[PDB]
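Below is one structure, written out as structure tokens; comments come after it.
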Amino acid sequence: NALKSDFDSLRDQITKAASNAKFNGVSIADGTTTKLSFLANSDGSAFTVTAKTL
Amino acid sequence: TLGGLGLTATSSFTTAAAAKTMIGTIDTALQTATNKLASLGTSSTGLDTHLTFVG
């Protein structure tokens with residue numbers, strides 16, 4: 001039961017570390033969004049970057 | 001004026017796709033503005049040449 005308690009501790013520490021991964025309110029690893037478009041040219045071409053959920 | 005460039009006084013954007021459309025809208029507006037300015041400059045050069053001829 002000591003190891004299972006340490007297991008649950010590291011488990012919800014994963015939840016904390018994943019929830020805190022955001023930059024200026026936007027996150028690519030939190031899982032709040034499917035993808036983030038980005039500028040690629042002056043005409044507005046997208047630079048798609050698929051989100052990877054952690 | 002904004003109506004001469006295809007724009008409106010209320011023209012704006014509220015969603016990122018609206019900004020993506022506004023990119024090309026401002027492209028068209030800047031292009032037509034440059035064409036009208038070039039035409040006005042050619043008309044001014046014609047007025048100067050006609051002034052010299054009248055003299």
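The basis for the numbers below is simple: all heavy atoms, side chains too, and nothing from hydrogens, waters or symmetry mates. Just so we're on the same page: letters track the sequence lines, and every chain starts at 1.
- The environment of NZ in B/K36 is crowded: more than 12 heavy-atom neighbours from other residues, nucleotides or ligands sit within 6.0 Å.
- Rounding to the nearest 0.5 Å places CD of B/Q31 at 12.5 Å from CG of B/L5.
- Of all heavy-atom pairs spanning A/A46 and A/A40, the tightest one is O-CB, 3.8 Å.
- Applying the under-4.5 Å side-chain rule to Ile, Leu, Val, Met, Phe, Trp and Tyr, the cluster around A/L3 consists of that residue alone.
- Side chain of B/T34 to main chain of B/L30: a donor-acceptor pair is present (N/O by atom type, distance under 3.5 Å, no hydrogens or angles).
- Cluster membership for A/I14 and A/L10, using ILVMFWY side-chain heavy atoms within less than 4.5 angstrom, is not shared.
- Taking every heavy atom of both residues into account, B/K20 and A/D43 meet most closely at NZ-O, 4.4 Å.
- Across all their heavy atoms, A/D30 and A/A21 have their closest contact at CB-O, 4.4 Å.
- Side chain of B/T45 to backbone of B/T42: no donor-acceptor contact under 3.5 angstrom is found.
- Considering OG1 of A/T53 and CD1 of A/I28, their distance stands at 10.0 Å, rounded to 0.5 Å.
- Residues satisfying the salt bridge (charged side-chain N to carboxylate O under 4.0 Å, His left out) criterion with A/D12, sequence neighbours excluded, are absent altogether.
- Between the side chain of B/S39 and the backbone N or O of B/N35, at least one donor-acceptor pair lies under 3.5 Å.
- Closest approach of B/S11 and B/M22 over heavy atoms only: OG-CE, 3.3 Å.
- Counting only distance, with no hydrogens or angles, the side chain of B/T32 and the backbone of B/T28 share no donor-acceptor pair below 3.5 Å.
- Partners of A/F38 by side chain to side chain contact (heavy atoms under 4.5 Å, CB included), not counting sequence neighbours, listed by chain and number: A/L36, A/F47, A/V49.
- Minimum interatomic distance between A/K4 and A/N1 (heavy atoms only, all atoms of both residues): CG-O, 3.1 Å.
- Proximity of B/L7 to B/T25: side-chain heavy atoms (C-beta onward) are separated by under 4.5 Å at one or more points.
- A chain of hydrophobic side-chain contacts below 4.5 Å, direct or via other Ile, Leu, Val, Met, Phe, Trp or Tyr residues, connects B/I26 to B/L2.
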